[PDB]
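Taking it in order: structure first as structure tokens, then the write-up.
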Amino acid sequence: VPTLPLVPXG
Amino acid sequence: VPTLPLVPXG
Amino acid sequence: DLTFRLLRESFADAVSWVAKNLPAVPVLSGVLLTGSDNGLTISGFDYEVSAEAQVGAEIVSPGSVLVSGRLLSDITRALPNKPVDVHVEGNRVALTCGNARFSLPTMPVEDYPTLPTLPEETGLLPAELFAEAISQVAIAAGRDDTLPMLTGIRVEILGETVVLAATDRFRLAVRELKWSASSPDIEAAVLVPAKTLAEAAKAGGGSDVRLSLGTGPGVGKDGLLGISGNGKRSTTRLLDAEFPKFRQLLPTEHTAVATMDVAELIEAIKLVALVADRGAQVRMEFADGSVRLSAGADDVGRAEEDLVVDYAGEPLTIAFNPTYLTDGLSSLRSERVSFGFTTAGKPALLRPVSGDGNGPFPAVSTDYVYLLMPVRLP
Amino acid sequence: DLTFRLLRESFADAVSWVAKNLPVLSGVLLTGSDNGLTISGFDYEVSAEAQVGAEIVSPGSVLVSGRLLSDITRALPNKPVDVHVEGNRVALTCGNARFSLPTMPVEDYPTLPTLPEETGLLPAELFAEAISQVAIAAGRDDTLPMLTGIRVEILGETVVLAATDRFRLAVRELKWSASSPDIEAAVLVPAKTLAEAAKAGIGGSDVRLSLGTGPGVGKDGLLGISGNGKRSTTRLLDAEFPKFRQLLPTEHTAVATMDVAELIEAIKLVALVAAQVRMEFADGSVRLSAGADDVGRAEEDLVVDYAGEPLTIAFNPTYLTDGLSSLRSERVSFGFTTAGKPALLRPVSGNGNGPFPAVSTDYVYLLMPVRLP
């Protein structure tokens with residue numbers, strides 16, 4: 001279950 | 001809270 | 001193997017009713033599908049209750065299959081109103097409905113318990129009557145009681161007369177009705193788990209309900225009650241308990257009688273109980289013309305309302321469990337209610353009244369009565 | 001002390017605002033004056049206040065149980081209600097029903113916060129819709145408080161609302177009337193609270209948002225909401241919201257447009273076995289599937305207007321249906337690149353090999369896939 005590639009965050 | 005007068009029962 | 005085709009609505013109606021009656025052994029998670037000739041049988045068994053529904057189906061190839069009931073129930077409910085194709089291939093069931101295709105794992109049919117035989121039919125009545133009568137009485141049952149006797153609905157049969165009763169020690173509901181008896185002298189008194197019965201009568205509906213307890217000297221002897229109608233049948237085990245005698249609690253007359261409107265009393269109770277201490281009680285002060293409904297105490301709040309009453313007898317103050325009281329009022333299924341009092345911390349009798357002094361006042365004969373114990377003033 | 005009379009429906013409505021938005025803290029404050037009746041509820045996070053027309057026979061103030069006052073006014077018949085403060089009790093009369101409720105000392109009640117200066121105004125139905133659209137995407141985990149908000153960015157007459165839980169990002173842009181064209185603002189508001197306010201039925205045409213003006217925007221730590229004699233304040237979240245705009249693709253290697261209602265139904269249908277639903281897009285059709293042989297499998301083929309090479313991609317079915325229900329349009333466009341990268345969902349109302357440029361919309365729901373087994 002990857003996150004969205006929010007930087008930072010993920 | 002009395003019960004009904006059922007015999008046996010109350 | 002087994003492969004059949006039938007309309008969705010029929011399939012779903014049959015499957016849901018097996019799942020409403022069922023509703024330990026992991027094999028009991030399954031439901032049995034059996035196709036023979038031009039009919040589909042859907043069976044479930046839990047050792048306490050069995051349920052079986054028969055419907056018309058295009059049987060392309062006879063046979064049997066055991067699949068998850070929960071899953072089959074969920075799917076057939078969520079299916080479009082289209083024809084459903086079912087095909088058992090290997091150890092899997094293919095279900096097809098339009099563009100949607102399902103493949104479910106099976107379980108071996110050999111492990112499924114045999115469903116008990118229904119007793120001989122004892123009598124029949126309209127399903128609507130049965131549904132109403134049972135829902136009327138079941139409200140008084142000690143459902144979820146740890147004392148098995150209170151969890152039952154008593155069924156008394158004498159010829160064409162059926163009497164239904166239930167109690168939780170605080171209210172007693174009694175319903176008398178007429179049915180078509182298998183014979184004029186059939187006689188029986190059994191005790192049936194109330195929740196199972198209520199659930200059956202609920203999904204019962206069709207035109208006829210048929211009750212199967214047996215006949216002759218063998219009525220009740222099988223320990224099973226069969227309920228059938230509209231292609232459906234179920235069995236429930238009887239309770240092994242004796243029911244209290246109650247007819248001696250129904251007076252010939254009353255020291256006071258109060259008649260009033262059911263709908264407005266129910267609402268007024270809802271309203272004043274908003275401040276009732278733990279909802280333990282509501283007070284009723286009856287007098288000529290009027291009754292004051294009150295609840296609560298000064299620390300949280302007080303509430304009262306005066307309602308019109310057709311009242312006979314001397315003034316009377318009596319308190320009730322508000323929930324037990326509204327349960328009884330809602331069970332009347334009539335516009336008006338009469339309260340019969342003997343007073344002195346004895347039960348009150350609630351009877352249904354249709355829209356159209358000094359005493360004692362003779363009781364009026366009705367086919368339904370809800371006996372309600374008062375609570376003591378604090 | 002206080003004595004007044006007003007219609008039940010009006011009374012219940014005012015008490016309703018305060019109840020839906022919220023020892024001594026269990027009370028609501030009733031105040032009677034020339035400006036009618038005010039009902040105030042205080043909480044340390046959210047305060048709420050409602051003012052209505054009433055016959056103030058005698059002016060004053062009284063503090064009573066909020067929960068109890070709400071239950072009563074909700075249940076009362078639709079008739080005039082009379083309220084009389086006699087001693088340390090309040091008499092409430094409506095038809096033949098009489099209530100006598102205990103009071104608490106009014107001086108004990110904490111002061112409600114003052115709303116910041118007005119920042120802008122938008123229609124109430126638009127406010128309600130936009131907040132429910134983006135609120136679905138907020139996190140509900142207080143160990144990640146930076147996700148439990150709705151971002152409100154104000155750039156003049158443009159407002160942008162956003163929320164994410166790291167898996168979906170919902171963004172709604174809308175036009176409103178600002179206090180000035182150069183007003184600027186980014187604040188983060190608790191999502192549950194704001195979603196609650198948006199559906200509490202403020203009534204009337206207008207919602208005014210109050211965050212302050214100029215450099216003093218957000219400085220009070222409060223979002224004010226007001227309109228129709230009602231108002232509330234909400235404590236702002238201190239966390240920073242993620243930079244989200246760069247996650248919005250400008251082009252897609254494949255684009256699918258579908259019917260929203262029928263995709264939602266098919267997902268509910270196929271998900272009855274699963275987790276994740278899998279989607280196999282090809283020209284003209286998509287196979288939606290779920291499950292595994294151990295518990296059972298489901299699949300359904302749906303019509304799709306598809307541009308690009310075939311793509312197989314999987315989603316959390318709940319997150320996917322949340323997104324589809326947030327669109328409020330008959331059709332959906334999916335903007336794709338690969339099976340491990342966000343899918344962009346856009347509302348659609350009823351050419352070559354690519355890549356295909358993104359079409360601009362005032363709403364987007366960006367959804368991260370899950371990996372295939």
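Note on naming: chains are A, B, ... as they come in the structure tokens, residues start from 1 per chain, ligands start from 1 in the order shown.
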
Superposition output for chain B against chain A, all Cα paired in order, as a CSV table (one decimal) with C-alpha atoms, in the first residue's frame:
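Generated output (selection.csv):
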chain,number,residue,atom,x,y,z
B,1,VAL,CA,0.0,0.0,0.1
B,2,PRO,CA,2.3,2.8,-1.2
B,3,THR,CA,1.4,6.4,-0.2
B,4,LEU,CA,1.0,9.5,-2.5
B,5,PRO,CA,4.4,11.0,-3.4
B,6,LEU,CA,3.9,14.0,-1.2
B,7,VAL,CA,7.3,15.5,-0.1
B,8,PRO,CA,7.6,15.2,2.9
B,9,UNK,CA,4.9,12.5,3.2
B,10,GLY,CA,4.8,9.5,1.1

Quiz item: Skipping near chain neighbours, those fewer than 2 positions away, what residues fall within 7 Å of region 193-204 of chain D using only C-alpha atoms, listed as a ChimeraX atom specification?
Solution: /D:17,20-21,127-128,131-132,135,189-191,206,227-228,230

Write a file of the just-selected residues containing N, CA, C and O atoms, as a tab-separated table (two decimals), in the first residue's frame.
chain	number	residue	atom	x	y	z
D	17	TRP	N	-28.59	24.46	15.94
D	17	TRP	CA	-27.26	24.94	15.55
D	17	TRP	C	-26.22	24.72	16.64
D	17	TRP	O	-25.09	24.28	16.36
D	20	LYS	N	-25.75	20.75	17.23
D	20	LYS	CA	-25.00	20.07	16.17
D	20	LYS	C	-23.53	20.51	16.13
D	20	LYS	O	-22.66	19.74	15.70
D	21	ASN	N	-23.23	21.71	16.59
D	21	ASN	CA	-21.85	22.19	16.54
D	21	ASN	C	-21.02	21.94	17.81
D	21	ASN	O	-19.80	22.13	17.78
D	127	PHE	N	-20.94	26.04	-0.26
D	127	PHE	CA	-20.12	25.73	0.91
D	127	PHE	C	-20.35	24.28	1.37
D	127	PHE	O	-19.40	23.52	1.51
D	128	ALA	N	-21.62	23.91	1.57
D	128	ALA	CA	-21.99	22.56	1.98
D	128	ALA	C	-21.45	21.48	1.03
D	128	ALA	O	-20.90	20.45	1.48
D	131	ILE	N	-17.36	21.37	0.97
D	131	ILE	CA	-16.77	20.80	2.17
D	131	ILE	C	-17.01	19.28	2.20
D	131	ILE	O	-16.11	18.52	2.52
D	132	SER	N	-18.20	18.83	1.83
D	132	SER	CA	-18.45	17.38	1.84
D	132	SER	C	-17.64	16.67	0.76
D	132	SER	O	-17.23	15.51	0.95
D	135	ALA	N	-13.89	16.69	2.40
D	135	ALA	CA	-13.78	16.13	3.76
D	135	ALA	C	-13.60	14.63	3.74
D	135	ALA	O	-12.97	14.07	4.65
D	189	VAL	N	-8.03	23.64	9.03
D	189	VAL	CA	-9.19	23.50	9.92
D	189	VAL	C	-9.52	22.04	10.18
D	189	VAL	O	-9.54	21.24	9.24
D	190	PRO	N	-9.79	21.67	11.44
D	190	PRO	CA	-10.19	20.28	11.71
D	190	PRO	C	-11.32	19.82	10.79
D	190	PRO	O	-12.36	20.49	10.70
D	191	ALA	N	-11.12	18.71	10.10
D	191	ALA	CA	-12.05	18.28	9.06
D	191	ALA	C	-13.41	17.88	9.61
D	191	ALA	O	-14.43	18.21	9.02
D	206	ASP	N	-26.38	32.46	2.62
D	206	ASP	CA	-25.00	32.89	2.75
D	206	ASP	C	-24.22	32.17	3.83
D	206	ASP	O	-24.72	31.92	4.93
D	227	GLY	N	-23.90	33.35	9.42
D	227	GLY	CA	-24.97	33.60	8.48
D	227	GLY	C	-26.29	33.18	9.09
D	227	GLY	O	-26.33	32.28	9.93
D	228	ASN	N	-27.36	33.85	8.68
D	228	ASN	CA	-28.70	33.53	9.14
D	228	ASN	C	-28.85	33.60	10.67
D	228	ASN	O	-29.48	32.74	11.26
D	230	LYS	N	-26.77	32.88	12.81
D	230	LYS	CA	-25.94	31.87	13.45
D	230	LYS	C	-24.45	32.17	13.30
D	230	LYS	O	-24.02	32.83	12.35

Surrounding residues of residue 27 (chain C) excluding itself and chain neighbours under 5 positions, 12 Å, only C-alpha atoms, as a short mmCIF file (atom, residue, chain, number, x, y, z; two decimals) with N, CA and C atoms, in the first residue's frame:
data_model
loop_
_atom_site.label_atom_id
_atom_site.label_comp_id
_atom_site.auth_asym_id
_atom_site.auth_seq_id
_atom_site.Cartn_x
_atom_site.Cartn_y
_atom_site.Cartn_z
N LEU C 32 -27.31 -25.40 1.59
CA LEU C 32 -27.43 -26.45 0.60
C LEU C 32 -28.36 -26.03 -0.53
N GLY C 44 -31.02 -24.64 5.14
CA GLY C 44 -30.08 -24.32 6.20
C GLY C 44 -30.47 -24.98 7.51
N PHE C 45 -29.49 -25.43 8.29
CA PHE C 45 -29.77 -26.08 9.57
C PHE C 45 -28.75 -25.66 10.62
N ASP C 46 -29.21 -25.45 11.84
CA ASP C 46 -28.32 -25.01 12.91
C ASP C 46 -28.46 -25.90 14.18
N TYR C 47 -29.22 -26.99 14.04
CA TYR C 47 -29.55 -27.95 15.11
C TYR C 47 -30.67 -27.45 16.03
N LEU C 66 -23.12 -27.31 -1.63
CA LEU C 66 -23.03 -26.62 -0.35
C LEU C 66 -22.06 -25.43 -0.42
N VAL C 67 -22.60 -24.22 -0.25
CA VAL C 67 -21.82 -22.99 -0.35
C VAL C 67 -22.09 -22.10 0.84
N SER C 68 -21.24 -21.09 1.03
CA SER C 68 -21.43 -20.12 2.10
C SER C 68 -22.77 -19.37 1.98
N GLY C 69 -23.58 -19.47 3.04
CA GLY C 69 -24.85 -18.78 3.09
C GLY C 69 -24.72 -17.27 3.13
N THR C 106 -16.83 -24.53 -2.84
CA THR C 106 -17.87 -25.37 -2.28
C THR C 106 -17.40 -26.06 -1.00
N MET C 107 -18.30 -26.79 -0.38
CA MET C 107 -17.96 -27.68 0.72
C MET C 107 -18.65 -28.99 0.41
N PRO C 108 -18.09 -30.12 0.89
CA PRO C 108 -18.65 -31.43 0.55
C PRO C 108 -20.05 -31.63 1.13
N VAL C 109 -20.99 -32.05 0.29
CA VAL C 109 -22.38 -32.20 0.72
C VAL C 109 -22.56 -33.26 1.81
N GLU C 110 -21.68 -34.25 1.82
CA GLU C 110 -21.78 -35.37 2.76
C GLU C 110 -21.69 -34.92 4.22
N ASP C 111 -21.04 -33.78 4.46
CA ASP C 111 -20.86 -33.28 5.82
C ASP C 111 -22.08 -32.51 6.33
N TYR C 112 -23.03 -32.21 5.44
CA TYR C 112 -24.17 -31.42 5.87
C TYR C 112 -25.19 -32.27 6.60
N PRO C 113 -25.55 -31.85 7.83
CA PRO C 113 -26.55 -32.56 8.63
C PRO C 113 -27.90 -32.66 7.91
#

Quiz item: Mind checking DSSP for region 25-233 of chain D and telling me the helix (DSSP H, G or I) residues as a PyMOL selection string?
Solution: chain D and resi 25-26+66-75+106-108+124-135+145-147+191-198+214-216

Practice problem: Write out as a ChimeraX atom specification the residues lying within 6 Å of residue 256 (chain D), counting only C-alpha atoms and excluding same-chain residues fewer than 6 positions away. | Solution: /D:305-306,333-334

Practice problem: Name all residues at most 8 Å from residue 131 (chain C) (count only C-alpha atoms; drop same-chain ones fewer than 6 positions away) and give them as a count of residues only. | Solution: 4

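Minimum distance to chain A across D:320, D:282, D:248, D:274 (counting only C-alpha atoms) occurs at D:248.
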
Quiz item: So which bits of region 53-280 of chain D end up strand (DSSP E) when you DSSP the backbone, as an MDAnalysis selection string?
Solution: chainID D and resid 55:58 60:65 80:85 89:94 97:102 118:123 149:155 158:164 168:175 177:178 184:190 206:210 222:227 230:235 251:252 254:259 277:280

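Straight-line separation from CA of residue 160 (chain D) to CA of residue 184 (chain D): 11.6 Å.
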
Quiz item: Distance CA of residue 143 (chain D)-CA of residue 223 (chain D), one decimal place?
Solution: 22.6 Å

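Of the listed residues D:81, D:138, D:101, D:69, the one whose atoms come nearest to residue 296 (chain C) is D:101, with distances taken using only C-alpha atoms.
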
Quiz item: Counting only C-alpha atoms, which residues of chain D come no farther than 8 Å from chain A, as a VMD selection string?
Solution: chain D and resid 166 to 168 242 to 244 247 341 to 342 367 to 371

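Neighbours of residue 298 (chain D) closer than or equal to 10 Å, with only C-alpha atoms counted and sequence neighbours fewer than 3 positions away skipped, come out as residues 75, 94, 95, 96, 100, 101, 102, 103 and 104 of chain C; 269, 270, 271, 272, 273, 274, 277, 288, 289, 290, 291, 292 and 293 of chain D.
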
Print the selection's residues with N, CA, C and O atoms to a file, as a CSV table (one decimal), in the first residue's frame.
chain,number,residue,atom,x,y,z
C,75,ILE,N,-24.5,-11.7,-2.2
C,75,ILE,CA,-24.5,-11.6,-3.6
C,75,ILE,C,-25.8,-11.5,-4.3
C,75,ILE,O,-26.1,-10.7,-5.1
C,94,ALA,N,-20.1,-21.6,-10.2
C,94,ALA,CA,-20.1,-20.3,-11.0
C,94,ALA,C,-21.5,-19.8,-11.0
C,94,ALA,O,-22.5,-20.5,-11.2
C,95,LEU,N,-21.6,-18.5,-10.7
C,95,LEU,CA,-22.9,-17.8,-10.7
C,95,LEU,C,-22.7,-16.6,-11.7
C,95,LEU,O,-21.7,-15.9,-11.7
C,96,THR,N,-23.7,-16.5,-12.6
C,96,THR,CA,-23.6,-15.5,-13.7
C,96,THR,C,-24.9,-14.8,-13.7
C,96,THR,O,-26.0,-15.3,-13.7
C,100,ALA,N,-21.9,-9.9,-14.8
C,100,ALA,CA,-21.2,-10.2,-13.5
C,100,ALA,C,-21.1,-11.7,-13.4
C,100,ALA,O,-22.0,-12.4,-13.5
C,101,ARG,N,-19.9,-12.1,-13.0
C,101,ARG,CA,-19.5,-13.5,-12.9
C,101,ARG,C,-18.9,-13.7,-11.5
C,101,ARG,O,-17.9,-13.1,-11.2
C,102,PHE,N,-19.4,-14.7,-10.8
C,102,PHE,CA,-18.9,-15.1,-9.5
C,102,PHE,C,-18.5,-16.5,-9.5
C,102,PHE,O,-19.1,-17.4,-10.1
C,103,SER,N,-17.4,-16.8,-8.8
C,103,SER,CA,-16.9,-18.2,-8.6
C,103,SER,C,-16.6,-18.4,-7.2
C,103,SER,O,-15.7,-17.9,-6.6
C,104,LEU,N,-17.4,-19.3,-6.6
C,104,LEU,CA,-17.3,-19.6,-5.1
C,104,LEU,C,-16.8,-21.0,-4.8
C,104,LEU,O,-17.1,-21.9,-5.5
D,269,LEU,N,-20.6,-4.5,-5.9
D,269,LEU,CA,-20.9,-5.9,-6.2
D,269,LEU,C,-19.7,-6.8,-6.1
D,269,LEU,O,-19.7,-7.8,-5.4
D,270,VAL,N,-18.6,-6.4,-6.8
D,270,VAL,CA,-17.5,-7.3,-6.9
D,270,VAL,C,-16.7,-7.4,-5.6
D,270,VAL,O,-16.2,-8.4,-5.2
D,271,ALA,N,-16.7,-6.2,-4.8
D,271,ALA,CA,-16.0,-6.2,-3.5
D,271,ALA,C,-16.7,-7.1,-2.5
D,271,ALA,O,-16.1,-7.3,-1.4
D,272,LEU,N,-17.9,-7.6,-2.8
D,272,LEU,CA,-18.6,-8.5,-1.8
D,272,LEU,C,-17.8,-9.7,-1.4
D,272,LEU,O,-18.2,-10.5,-0.5
D,273,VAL,N,-16.6,-10.0,-2.0
D,273,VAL,CA,-15.8,-11.1,-1.7
D,273,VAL,C,-14.5,-10.7,-0.9
D,273,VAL,O,-14.2,-11.3,0.0
D,274,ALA,N,-13.9,-9.6,-1.4
D,274,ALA,CA,-12.7,-9.1,-0.8
D,274,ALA,C,-12.9,-8.5,0.6
D,274,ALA,O,-13.9,-8.9,1.3
D,277,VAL,N,-9.7,-3.9,-5.4
D,277,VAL,CA,-10.4,-4.3,-6.6
D,277,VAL,C,-9.4,-4.0,-7.8
D,277,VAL,O,-8.6,-3.1,-7.7
D,288,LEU,N,-13.5,-5.3,-14.1
D,288,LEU,CA,-13.4,-5.0,-12.7
D,288,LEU,C,-13.5,-6.4,-11.9
D,288,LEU,O,-14.5,-7.1,-12.1
D,289,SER,N,-12.5,-6.7,-11.1
D,289,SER,CA,-12.5,-7.9,-10.4
D,289,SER,C,-12.0,-7.8,-9.0
D,289,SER,O,-11.4,-6.9,-8.6
D,290,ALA,N,-12.2,-8.9,-8.2
D,290,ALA,CA,-11.9,-9.0,-6.8
D,290,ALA,C,-11.8,-10.4,-6.4
D,290,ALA,O,-12.3,-11.3,-7.1
D,291,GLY,N,-11.3,-10.6,-5.2
D,291,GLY,CA,-11.4,-11.9,-4.5
D,291,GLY,C,-10.2,-12.7,-4.8
D,291,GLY,O,-9.3,-12.3,-5.5
D,292,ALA,N,-10.3,-13.9,-4.2
D,292,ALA,CA,-9.2,-14.9,-4.5
D,292,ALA,C,-9.9,-16.3,-4.4
D,292,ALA,O,-11.0,-16.4,-3.8
D,293,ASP,N,-9.3,-17.3,-5.0
D,293,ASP,CA,-9.9,-18.6,-5.1
D,293,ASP,C,-10.3,-19.2,-3.7
D,293,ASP,O,-11.2,-20.0,-3.6

Self-check item: Closest of C:275, C:49, C:227, C:162 to chain D - atom-to-atom distances counting only C-alpha atoms
Solution: C:275

Self-check item: Straight-line distance linking CA of residue 33 (chain D) with CA of residue 49 (chain D), stated in Å to one decimal
Solution: 14.8 Å

Practice problem: Can you pull out every residue within 6 Å of region 118-128 of chain C, counting only C-alpha atoms, but drop anything in the same chain fewer than 5 positions away, and send it as a ChimeraX atom specification? | Solution: /C:179-182,204,207-214,226

Write the residues of the preceding selection, restricted to C-alpha atoms, as a PDB file, in the first residue's frame.
ATOM      1  CA  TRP C 179     -57.838 -20.825  12.994  1.00  0.00           C
ATOM      2  CA  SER C 180     -58.597 -23.814  10.771  1.00  0.00           C
ATOM      3  CA  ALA C 181     -57.921 -26.865  12.952  1.00  0.00           C
ATOM      4  CA  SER C 182     -56.877 -30.218  11.488  1.00  0.00           C
ATOM      5  CA  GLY C 204     -44.223 -14.922   7.054  1.00  0.00           C
ATOM      6  CA  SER C 207     -51.477 -15.994   2.231  1.00  0.00           C
ATOM      7  CA  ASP C 208     -51.356 -19.023   4.598  1.00  0.00           C
ATOM      8  CA  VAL C 209     -49.301 -20.110   7.582  1.00  0.00           C
ATOM      9  CA  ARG C 210     -49.466 -23.783   8.610  1.00  0.00           C
ATOM     10  CA  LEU C 211     -48.438 -24.958  12.095  1.00  0.00           C
ATOM     11  CA  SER C 212     -47.104 -28.498  12.528  1.00  0.00           C
ATOM     12  CA  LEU C 213     -47.035 -29.947  16.044  1.00  0.00           C
ATOM     13  CA  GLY C 214     -48.541 -33.310  15.165  1.00  0.00           C
ATOM     14  CA  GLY C 226     -42.990 -26.745  12.103  1.00  0.00           C
TER      15      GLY C 226
END

Practice problem: Select residues of chain C: the criterion is any atom within 8 Å of an atom of chain D, counting only C-alpha atoms; output as a ChimeraX atom specification. | Solution: /C:71,74-75,78-79,99-105,271,274-275,298-306

Only C-alpha atoms, please: the residues just picked out, written as a compact mmCIF listing (two decimals), in the first residue's frame.
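In the end it all went to again.txt:
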# COMPACT_ATOMS: atom_id res chain seq x y z
CA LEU C 71 -21.82 -14.90 0.83
CA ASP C 74 -24.94 -10.91 0.09
CA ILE C 75 -24.46 -11.59 -3.62
CA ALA C 78 -26.90 -7.11 -4.62
CA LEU C 79 -27.66 -8.64 -7.98
CA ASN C 99 -22.10 -9.16 -17.08
CA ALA C 100 -21.24 -10.16 -13.52
CA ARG C 101 -19.55 -13.48 -12.90
CA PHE C 102 -18.93 -15.08 -9.50
CA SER C 103 -16.88 -18.18 -8.63
CA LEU C 104 -17.34 -19.59 -5.13
CA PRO C 105 -15.64 -22.46 -3.28
CA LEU C 271 -42.07 13.67 26.02
CA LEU C 274 -37.16 12.87 28.68
CA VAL C 275 -36.53 13.79 32.32
CA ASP C 298 -35.98 18.50 40.81
CA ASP C 299 -32.26 17.67 40.47
CA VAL C 300 -32.27 16.91 36.71
CA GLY C 301 -35.70 18.12 35.68
CA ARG C 302 -39.44 17.60 35.98
CA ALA C 303 -42.06 17.25 33.26
CA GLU C 304 -45.80 16.90 33.21
CA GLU C 305 -48.71 16.92 30.80
CA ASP C 306 -52.47 16.79 31.30
